[PDB]
Structure formats: C-alpha cells, structure tokens
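Student: The data below comprise the sequence and an experimental structure of the protein.
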Amino acid sequence: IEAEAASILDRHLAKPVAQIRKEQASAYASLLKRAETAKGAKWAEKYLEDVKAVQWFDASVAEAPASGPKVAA
Amino acid sequence: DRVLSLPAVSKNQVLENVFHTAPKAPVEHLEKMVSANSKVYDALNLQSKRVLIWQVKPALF
Amino acid sequence: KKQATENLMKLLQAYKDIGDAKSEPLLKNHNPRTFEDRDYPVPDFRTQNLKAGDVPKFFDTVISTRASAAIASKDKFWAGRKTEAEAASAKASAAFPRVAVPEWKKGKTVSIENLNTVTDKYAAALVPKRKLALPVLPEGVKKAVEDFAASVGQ
Amino acid sequence: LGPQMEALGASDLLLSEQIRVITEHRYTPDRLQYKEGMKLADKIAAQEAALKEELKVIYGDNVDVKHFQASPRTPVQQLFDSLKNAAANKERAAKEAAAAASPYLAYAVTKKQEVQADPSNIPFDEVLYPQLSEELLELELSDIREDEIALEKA
C-alpha cells in the first residue's frame, strides 16, 4: 500500500495543477452522476447521504477550526 | 550604391538580438509563491477554514 | 532538475565573471552590428551585368549576405564564450541562497509567523539593489511649513 | 521627400506609425529594407502597447501615449505620479486586505502595497545599470551617426 501510494503520488506530482484539478473534478462529477442515475437503490441514497455528511464535516470544521467538528456529546 | 556602406544589420535585427527574451519581472516570484503558500497556509495552519488536520489525524471523541 | 538549475546558475555566474574579467560592455556582444565587417570589398553593381529591375535585388542580396555573416560571427563568438564558461562553471563555489519557502515539518503544521517572514523575504527582493532616495514629503513637514506660510498670510 | 519632411520622433503620429509611412515611402514592398522596417514598426508598436499599459493606470484611458513616447517621464514626475494615487492605492489595499480569504493573503497584499507605494522602490534602469543605459543610448546614437556619415559622404 505504501508503494502504491508513492507511485500514485509521484505520477500525480508530475502533472501541472490545472490538469490535476480538472481530472479530479471530472472523476468526482462522473462518480456523482453514476450514483444520481441510480434512484431507488439503497446504496445510492447511502452514497449521497455520505456525500452530504462529508459536506457537513467541511462546514463544521469551517465553523470552528481549533475545536474540530461539532459532536453532540 | 550608398546603401551598401550602411550597416547591413537592420535596426530590427539589433532589437531582436539585444532584447531576445522577455525578462522576468521581480514581482512574478512574489505573486506565484504567495499564491502557492496560500495553499500551504490553508492546508497546514490550525487556524484556516479548511485545515487538513481533521482529514488526516481524525479526532478521538 | 535541481542539479540542472544549479549548473545553469553556476553557468550564468561564470558568464558574468568572465564578461567582467574582460570588462567588456554589456550590449557589445548581443549587438550583431559589432560583429559586422565594415571593411569588406563591397561589390560593385556595375560589374555584374544587371538588367533594369535587377539592381535592388542585387543590393538586397549583398546586404542580407553580409547581415547573415554578421549574425554567424556573433554565433561563433557565443559558442566560444559558451565553452569558455563551461570550463569555469565546473570549478566553482555553488554557495547560492535557497528559495525561501515556509517551514513545514513532517507531522507538524506551519505557523503564520513563518509564512509571514517568507513573504517578507519575497517583498525584500522587490526593492532594487541600488535605488534613488526619492524624498517623499511627509505630512508632518509639509504642514510644519504650511502653517508657517499661513502665519504670514500666504 | 513627402513623409520625410519631419524627423523620426518629431511628428504628430506615433513612432511606429511613422516608421510605417517612412518605410512605405523610401522602399517598395519587394525590398529587404521594407520588410525590416515593418518588423521594426512591429517592435516599436509592441513597446508602445507596453508603455500604454504601464501608464493607463495613472493618466486615464485617453493616456496620450505619443507625449510620453517622445518625452518620457522624469523621475520627479514618476514620484509625483506615484503620490497622487497613493491614497486610492492604500484604500484599495485596505479594502482588498479586508476581503482576502486568509490572514496570510491579507498580510501579503498589505506587504506588497507597503513595498510598492514607497516611491523609492521604483526600479530605475539608469540607476541600477548605468553602463547598460548608456549603451542603450548609444544604440540609437550610432544609427543616427551612420545616417550622418552617409549624408556627409553625399
């Protein structure tokens, strides 16, 4: 796994930045549309619910970056 | 043949052999390294809005 | 790539200190007029059997041939200078300053009082190495003379 | 003479648009010096577009680029044109450092304006490189000397 991560990174650090951004944005957009064309499947609703939970994590660390995400304890 | 006693190298050729490359401005280093160290600040500070420290060493609640 | 950049910088330093050992002017060798042969035997158009419209083509051929010879003499000069500075970029010092980037250790994080000082090192290179001290007039001196002009009613 | 009744820098046209009409007048389109004069007009028009872009932030959109091409700004006028927009520049830098997405970027823009609004930090090539500036003067004095040598041979 270390060799695969280092190989993927050294293939990734050879690109310019706009190529990286459009490649990752294109892959993310295709993988969103493959789960949005799935309607009624349980894995699709769980997929988009986990995407929304990741967006919650990003908003919650944007609200208080020294404390982490807000955990109702 | 007065034209053959003038210098045959044109003023164009002088201006293209003297100013051959467009020189690098000194503010280009500042604006480029600032636009990249803004990303170094964003990922790695503990006061940025998008820090990587919760995506990397998650938490222990 | 870092070794190539360091070799290129040793090459540019070699170019500079063997262009200053000869103390030559800067624009002398990039100007192809200085490599132009002014005392060539300058071909006579009357001994070449031209027709009516053929004389300006003869002048263009003579001028462009002599200009191409001047440019090729410039190129041979710079090939000689390139080998002369490749011979001196080998035995060099290579103690260059490094590019100021913020301190990022492996597990730790960068502090803004280090990003700010590398920004100060970037903006310290925006001042020129020799500058005119253009005196801006402060408000405290222009007002200390403005009220003095207001004292005498001017 | 026609277009050559006035000097190369002493018309009402721009310098590149004067090179164009002088070269259209002295030479037919099939000559060598026609093509070299049109290429020189391209170089001078590139310098004019660069100077218009360098001055349009100060003198407006009707910048009147011919006046500054003929007579460039003295360092005193460079001072007194850096001092008449310094209030608007500092207010722009404050309104942009307030609306930056980072304290890093806010410090970077206020440091760039701190090192740029200082009029002692204008890079003058005549102060930085004296020998290069006088060689750039002699590059045009030598062309005028070659024209004067032709006129004294005539």
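Tutor: Received the coordinates, thanks. Numbering: from 1, shown residues only, chains lettered A, B, ... in the order given.
Student: Residue C:42 is in contact with residue B:2, isn't it?
Tutor: No: Residue C:42 is beyond contact range of residue B:2, at 10.9 Å (criterion: Cβ atoms under 8 Å). (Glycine included, C-beta is placed from N, CA and C.)
Student: which residue ends up closest to the midpoint of chain B in space?
Tutor: In chain B, the residue lying closest to the centroid (Cα atoms, centre = their mean) is residue B:28, at 4.1 Å.
Student: buried set for the helix or strand where that residue lies?
Tutor: With secondary structure defined by DSSP states H and E, residue B:28 is part of helix B:27-43. Under the neighbour-count criterion of 16 or more other Cβ atoms under 10 Å in any protein chain shown, helix B:27-43 has B:27, B:30, B:33, B:34, B:37, B:38, B:40, B:41, B:42, B:43 buried.
Student: Check stretch D:43-53 too.
Tutor: Buried-residue list, stretch D:43-53, by 16+ other Cβ under 10 Å: D:43, D:44, D:45, D:48, D:52.
Student: Tell me which residues are up against that stretch.
Tutor: B:12, B:15, B:16, D:14, D:15, D:16, D:17, D:19, D:63, D:65, D:68, D:69 (Cβ atoms under 8 Å, 6 or more residues apart in numbering or on different chains).
Student: Could you tell me which of those count as buried?
Tutor: By 16+ other Cβ under 10 Å, these give B:12, B:15, D:14, D:15, D:16, D:17, D:19, D:63, D:65, D:68, D:69 as buried.
Student: if we can go back for a sec, is it possible to export the buried residues of helix B:27-43 to a markdown table including distance to chain C?
Tutor: Listed next are the buried residues of helix B:27-43 as a markdown table, based on distance: Cβ to the nearest Cβ, whole Å:
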| residue | distance to chain C |
| --- | --- |
| B:27 | 6 |
| B:30 | 4 |
| B:33 | 6 |
| B:34 | 7 |
| B:37 | 6 |
| B:38 | 9 |
| B:40 | 6 |
| B:41 | 5 |
| B:42 | 10 |
| B:43 | 9 |
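Student: Now render those as CSV, adding distance to residue C:30.
Tutor: Below are those laid out as CSV (distance: Cβ to Cβ, whole Å):
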residue, distance to residue C:30
B:27, 25
B:30, 28
B:33, 30
B:34, 33
B:37, 36
B:38, 39
B:40, 39
B:41, 42
B:42, 44
B:43, 45
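Student: Pull the most distant pair out of these.
Tutor: The span of the buried residues of helix B:27-43, defined through Cβ to Cβ, is set by B:27 and B:43 at 24.9 Å.
Student: For the residue most central in space within chain D, identify the helix or strand it belongs to.
Tutor: The centre of chain D sits closest to residue D:51, judged by Cα atoms, centre = their mean, with a distance of 3.9 Å. Residue D:51 belongs to helix D:32-59 when assigned by DSSP H and E.
Student: about what we covered before: okay, and which of the buried ones among the contacts of stretch D:43-53 map to helices?
Tutor: Counted as lying in helices by DSSP state H, out of the buried ones among the contacts of stretch D:43-53, are B:12, B:15, D:15, D:16, D:17, D:19, D:65, D:68, D:69.
Student: ok, residue C:77 touching residue C:35?
Tutor: Yes: counting by Cβ under 8 Å, residue C:35 is a contact partner of residue C:77 at 6.6 Å.
Student: So these two - more neighbours on which side?
Tutor: residue C:35 (19 against 14; other Cβ atoms under 10 Å in any protein chain shown).
Student: That one in helix, strand or coil?
Tutor: Classification of residue C:35 using DSSP: H, G, I helix; E, B strand; the rest coil returns coil.
Student: nearest spatial neighbour of it, skipping sequence neighbours?
Tutor: The shortest distance from residue C:35 to any non-neighbouring residue, by Cβ to Cβ, 6 or more residues apart in numbering or on different chains, is to residue C:73 (4.0 Å).
Student: again with residue C:7
Tutor: Distances taken as Cβ to Cβ, 6+ apart put residue C:89 closest to residue C:7, at 6.8 Å, once the chain neighbours are dropped.
Student: All good on my end, thank you.
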